[PDB]
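Enquirer: Quick one: structure below, then a few questions.
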Amino acid sequence: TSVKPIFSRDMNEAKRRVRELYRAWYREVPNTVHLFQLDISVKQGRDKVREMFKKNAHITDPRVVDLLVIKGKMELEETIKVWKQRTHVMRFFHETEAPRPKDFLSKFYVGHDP
Amino acid sequence: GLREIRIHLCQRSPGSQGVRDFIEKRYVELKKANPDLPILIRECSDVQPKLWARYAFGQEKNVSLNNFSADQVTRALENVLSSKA
Amino acid sequence: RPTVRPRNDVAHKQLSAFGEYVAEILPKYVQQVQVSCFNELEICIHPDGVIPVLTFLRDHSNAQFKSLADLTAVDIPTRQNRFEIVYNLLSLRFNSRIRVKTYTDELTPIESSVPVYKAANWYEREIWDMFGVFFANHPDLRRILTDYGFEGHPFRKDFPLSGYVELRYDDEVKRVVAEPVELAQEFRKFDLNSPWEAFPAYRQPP
Amino acid sequence: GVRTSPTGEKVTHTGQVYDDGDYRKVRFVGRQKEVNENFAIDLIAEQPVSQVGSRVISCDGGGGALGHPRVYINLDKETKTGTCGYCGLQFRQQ
Amino acid sequence: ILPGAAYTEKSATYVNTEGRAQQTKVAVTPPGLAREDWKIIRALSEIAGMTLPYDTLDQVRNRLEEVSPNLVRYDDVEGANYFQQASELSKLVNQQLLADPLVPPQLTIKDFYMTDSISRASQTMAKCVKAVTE
Amino acid sequence: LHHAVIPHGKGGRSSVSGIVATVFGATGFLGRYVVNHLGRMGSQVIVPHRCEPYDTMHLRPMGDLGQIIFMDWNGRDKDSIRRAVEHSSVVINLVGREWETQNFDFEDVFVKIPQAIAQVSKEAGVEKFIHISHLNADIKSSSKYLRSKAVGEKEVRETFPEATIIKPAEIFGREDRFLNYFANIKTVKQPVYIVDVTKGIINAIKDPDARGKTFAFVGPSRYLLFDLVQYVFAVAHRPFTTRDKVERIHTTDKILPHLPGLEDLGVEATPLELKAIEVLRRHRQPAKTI
Amino acid sequence: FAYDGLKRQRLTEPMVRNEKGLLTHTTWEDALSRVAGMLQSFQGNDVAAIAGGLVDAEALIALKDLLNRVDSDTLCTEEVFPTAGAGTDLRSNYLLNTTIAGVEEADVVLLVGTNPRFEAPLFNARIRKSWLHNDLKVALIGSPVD
Amino acid sequence: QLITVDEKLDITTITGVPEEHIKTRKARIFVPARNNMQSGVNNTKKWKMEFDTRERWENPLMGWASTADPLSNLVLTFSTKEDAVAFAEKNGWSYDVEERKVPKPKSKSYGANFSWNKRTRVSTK
Ligand SMILES: NC(=O)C1=CN([C@@H]2O[C@H](COP(=O)(O)OP(=O)(O)OC[C@H]3O[C@@H](n4cnc5c(N)ncnc54)[C@H](OP(=O)(O)O)[C@@H]3O)[C@@H](O)[C@H]2O)C=CC1
Ligand SMILES: [Zn+2]
């Protein structure tokens, strides 16, 4: 159970980097919506940022959290530097994907998938 | 009321020893008294013994028999056979 | 014999002697040394030894491996450390090549070798991009080959060949969009391996 | 051996034809269904049976190395002819 | 008519003559609008306001375990005991053997080829029946 | 169902939706969204067109290989209509024109042509027929455009009784002649979003309760035309056309409570405030709703 | 070789009877609504089920659970097994308790009222193998089949 | 310097796999059965991991087999079943493990073909 760390030596140290990343993303959305001339609202962009962070709330391994922060910072760098184009930013929102069926009966009617 | 009895037990685990004693000594007399009641005895290795009772409209309860003696097994059988849950 | 590749025992002996030489000088890091039947010398090291071993081979007077030919990874899922990091070096002084191998898993960083070879910069970015191995103290670690926002590391053995998403232009939103991949013709998997052993010399003990 | 279905679509040599209710035949509207008219099953049948004097004959399909792998055909059965599995030519022991 | 799935089109549990539970795997999906058989019943239960308490293959296999635990011990042959108790109950009620001789349903090979709906629809099985009778 | 039109796949480009649709007027504003949605889920779309093929090119990427089929047709030629529909399971009529030409009056476009399409489709055995009319269609309208819509709506109902008839308000969207109309410059309007109308049409094909019904497609809010035009100018950052069009623009949008609407098809109407920037960004305080 | 039956006479769509009494294709929604309507209107002995030979256990329990929820216990099979005495209470009453591989350890096999060659061809093959290699003695009560 | 980490290894959040192809898949871990058409046993040495089969449908244009399953062709190889299970566990796939089936050792005797008094005597060679 003795492993080499990435950046953080425990979850408290890792959770600091998560908060710093969240602040960076939070403050970047208004400029992203303007620079990329997106049609989403700033609230939508921040609501999307929060949703992305929240699906990873169950992680308790500091090394995994470190990589998520590492990857999250790369994504932020791609956005702030406009390496991404408009298509790449809007891919988070799945606008052309129709809503898949979630309940059992709906899934049963359309196909065989669980 | 009651519709079906099921008894699960292991073939060799000591925790099912009381259930094993009950079956070899009392099941035959139980079946004679309840001729038209399904009493599904199902042995499976390394399972904790259990007593499932199914009542009308698919309501089920399960009582654990682990480490029970043959007498406690009899008692649990009488409790289920007098209920209408 | 016209069709058989000739052996070269002189080079095999030289490379073997140098392999022991390296193992004697850096016992702290060298775990295995082997020379192939086509005379390629491989040094297998603990991952902590990346910088000391590469520096020694670059700078030592009897090595002088001044050129990093290639740096890459191999994914082997059955191993606890699934990623094998391979450094291929070239010594112009002694007209020789050597291969240095270490290992890592999904969560263990490897020290960046940019300080030793400036060539390592983009090779390590490629390894990160294609395999997800994180190199520590890289001047600029980020994707290099995949599309922006691309998820996953395609060269891992468990990443599907056609991936998870595909692109098309959508008129309603007037932009290229990404959607789950559907193929008009699924890639046809072939089972080609013969059920008869080909090479007794490599038979594994049962 | 091309014949047309009741709806007029030509039937291919593999027997393919869209049935009456198949929407997919809309692809031929204003265009055409490409069908090869030289049915190989019909053409090979026109070839005469070859009379030979031996129990076993060999066929390479003609043209030496431009034909097919050379195979040997047993002609002991008198009820039927020997048929080449590659090119369909028939042989009979006189 | 509710179109179900054949044994090649579902992952389903079958128990052989020894009581050994085994499971098939999906080779191809059911044709047309056909559906996995337990899913049909589960869907019917919901529309009827009596939803069954399982939504996945793993959950309905947890249900099987509650009824008969051996049904999820795949490839295992679980022993069964208490022949003495069964023979006692067998003697309680007297029944007479009929005078009829014991005659199996299948006396010759022609009776072997078609016994179920799948083999009755098989053109190969029909060719076998024709060959052994004519 | 014939085996070829049993749905398969996961609703994507390479899937089989089971829909075989002939879309008349597919080369216009509404048609490009309808074809896109049909081709998104893997439908077979037949596109009869009057224009040059160069003008249909934007529809080709909308479907997987073989899923968009183009045919020549003439509004006055019933044989060309029969060729286009005789293999389809649904026919969608989006033919229209905001003006009259030397060769086609509002009566041709909105009465004779819809009636011909509906009649041939009935003869050919098409199961479904979707006809677009107008919210303000009225025999007693000043607009000859709206008068012809009322006459045509009646004729389609008589010819194809099971037709689904959709009556949208003015439609706003990237290629509309509504928001773009004002930007290029008493009455209450209830404009509806192009994507909402498209989703309603697509859902009317699937919904078996839609047959024989008449729908009104309206946006969530009603505005005074003065309030709308002022808002349009503000969004376009600008300092704040036949005569028939003027009458249409000044016709108050009818309130038909007895007709089902977008909600009855499972579609939520999109507010003009969310999408106005999308339409008007290229011409570069919400309006008060009733 | 019977797998080619899987390509013939298949049920691919839900069907209900139309006004004229003929089966006609319909949606899953419609087919299940008709079945659910009747199911809600019956209880107890008015609802029964028969399972065929190729049915899987997952479906068997699902149908049993569904019928139990209307208080019906008439879950039947086509193949008969005497319910006299212990019936199905004890697995050993209706199992091949020796197991298939156990035939190779037997010294005498008594076959009663069976033609295992066609009922269980691979089981009969196991009997022949023990007959051939273990000198097993086999007796039969029933028709003298080959 | 090292740190202590007691959590079970889990990489599902950093592999990039869509959620659908983690939770709803079922990995099968097994040693492939010998192809009965051949006597060679060299394809039965290693452990394999494949996934549950999903829908394939006919392409309307050509009739080709289409699929929407990105994992339809994925097949991993492992030295042992522990390695395969370890891989499945850290990727979040639920799995079934089937124990390797090894042919049981047989007793062969050419001489038995000519037994004086046993049934093993062969009627033909
Ligand atoms: N857009 C709106 O605000 C509203 C529109 N509608 C109705 O919705 C339908 C479509 O709207 P929209 O898409 O804006 O209409 P468009 O004018 O944008 O496109 C009309 C379509 O009809 C075709 N068409 C027009 N005249 C003829 C003709 N004489 N012969 C053959 N084809 C012809 C055009 O093809 P070509 O390019 O070859 O001319 C084009 O594809 C119309 O019926 C319209 O009246 C109803 C309410 C609101
Ligand atoms: Zn030949």
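Following the order of the structure tokens, chains are lettered A, B, ..., residues in each are numbered from 1, and ligands are numbered from 1.
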Compute the set of protein, DNA and RNA residues whose minimum atom distance to ligand 2 is at most 10 Å, using only C-alpha atoms and all ligand atoms, and state it as a list in words.
Expert: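 Based on only C-alpha atoms and all ligand atoms, ligand 2 is surrounded within 10 Å by residues 58, 59, 60, 61, 62, 67, 68, 69, 70, 71, 72, 73, 83, 84, 85, 86, 87, 88, 89 and 90 of chain D.
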Enquirer: Include C-alpha atoms and write out the residues we just selected as a tab-separated table (two decimals), in the first residue's frame.
Expert:
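part_32.tsv written:
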```tsv
chain	number	residue	atom	x	y	z
D	58	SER	CA	-6.92	-34.23	-64.47
D	59	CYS	CA	-8.21	-30.69	-64.98
D	60	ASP	CA	-6.36	-27.40	-64.60
D	61	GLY	CA	-9.09	-25.33	-66.25
D	62	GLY	CA	-7.11	-24.66	-69.41
D	67	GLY	CA	-6.18	-21.84	-65.06
D	68	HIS	CA	-6.84	-23.30	-61.62
D	69	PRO	CA	-4.93	-25.72	-59.37
D	70	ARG	CA	-4.67	-29.09	-61.06
D	71	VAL	CA	-7.09	-31.66	-59.64
D	72	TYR	CA	-7.70	-35.31	-60.48
D	73	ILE	CA	-11.24	-36.55	-61.08
D	83	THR	CA	-17.22	-32.68	-62.56
D	84	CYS	CA	-14.30	-30.38	-61.86
D	85	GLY	CA	-14.74	-28.63	-58.53
D	86	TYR	CA	-13.04	-25.46	-59.82
D	87	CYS	CA	-14.38	-24.81	-63.32
D	88	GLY	CA	-17.41	-27.09	-63.69
D	89	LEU	CA	-16.22	-28.96	-66.79
D	90	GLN	CA	-17.57	-32.49	-67.02
```
Enquirer: Select the residues contacting ligand 1 at a distance of at most 9 Å, based on only C-alpha atoms and all ligand atoms, then format the selection as an NGL selection string.
Expert: :F and (24-32 or 48-52 or 55-56 or 73-76 or 93-99 or 101 or 103-105 or 108-110 or 113 or 131-136 or 145 or 149 or 166-173 or 175-178 or 191-192 or 194 or 217)
Enquirer: Sorted by chain and rising residue number, which residues of chain F lie within 12 Å of chain G, and what are their closest atom pairs and distances in Å to one decimal, counting only C-alpha atoms, as CSV?
Expert:
```
residue,atom,partner,partner_atom,distance
F:1,CA,G:25,CA,6.9
F:2,CA,G:25,CA,10.0
F:3,CA,G:12,CA,8.9
F:6,CA,G:13,CA,9.3
F:7,CA,G:13,CA,11.6
F:206,CA,G:27,CA,11.8
F:207,CA,G:27,CA,12.0
F:208,CA,G:27,CA,10.5
```
Enquirer: Can you write out the residues you just picked, keeping N, CA and C atoms, as an mmCIF file, in the first residue's frame?
Expert:
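So the final result, stored in again-v7.cif, reads:
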```
data_model
loop_
_atom_site.group_PDB
_atom_site.id
_atom_site.type_symbol
_atom_site.label_atom_id
_atom_site.label_comp_id
_atom_site.auth_asym_id
_atom_site.auth_seq_id
_atom_site.Cartn_x
_atom_site.Cartn_y
_atom_site.Cartn_z
ATOM 1 N N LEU F 1 -45.484 -4.970 -39.720
ATOM 2 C CA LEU F 1 -44.413 -4.199 -40.409
ATOM 3 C C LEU F 1 -43.596 -5.076 -41.345
ATOM 4 N N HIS F 2 -43.375 -4.584 -42.560
ATOM 5 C CA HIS F 2 -42.433 -5.231 -43.459
ATOM 6 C C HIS F 2 -41.059 -5.265 -42.803
ATOM 7 N N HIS F 3 -40.331 -6.363 -43.011
ATOM 8 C CA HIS F 3 -39.101 -6.574 -42.253
ATOM 9 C C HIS F 3 -38.077 -5.474 -42.502
ATOM 10 N N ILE F 6 -38.372 -2.490 -39.816
ATOM 11 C CA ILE F 6 -38.336 -2.698 -38.367
ATOM 12 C C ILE F 6 -37.166 -1.900 -37.796
ATOM 13 N N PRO F 7 -37.378 -1.070 -36.779
ATOM 14 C CA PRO F 7 -36.271 -0.258 -36.266
ATOM 15 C C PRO F 7 -35.118 -1.111 -35.757
ATOM 16 N N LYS F 206 -44.304 9.726 -35.285
ATOM 17 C CA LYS F 206 -44.261 8.577 -34.392
ATOM 18 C C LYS F 206 -45.564 8.409 -33.620
ATOM 19 N N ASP F 207 -46.172 9.503 -33.191
ATOM 20 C CA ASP F 207 -47.327 9.420 -32.304
ATOM 21 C C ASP F 207 -48.537 8.884 -33.059
ATOM 22 N N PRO F 208 -49.090 7.728 -32.678
ATOM 23 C CA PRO F 208 -50.277 7.221 -33.382
ATOM 24 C C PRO F 208 -51.549 7.983 -33.063
#
```
Enquirer: Given only C-alpha atoms as the basis, pick out the residue of A:8, A:31, A:41, A:103 nearest to chain F.
Expert: A:41
Enquirer: Going by DSSP on the backbone, which residues of chain D come out as strand (DSSP E or B)? List them as JSON, numbers by chain.
Expert: {"D": [4, 10, 50, 51, 52, 56, 57, 58, 59, 71, 72, 73, 74, 82, 83, 90, 91, 92, 93]}
Enquirer: For atom CA of residue F:248 and atom CA of residue F:279, determine how far apart the two atoms are, in Å to one decimal place.
Expert: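 Here the two named atoms are 20.9 Å from each other.
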Enquirer: Excluding same-chain residues fewer than 5 positions from residue B:17, what lies within 10 Å of it counting only C-alpha atoms, as an NGL selection string?
Expert: :B and (9-12 or 22 or 49 or 65-70)
Enquirer: Could you list the residues in chain A lying within 8 Å of chain F, using only C-alpha atoms, and format the result as a count of residues only?
Expert: 3
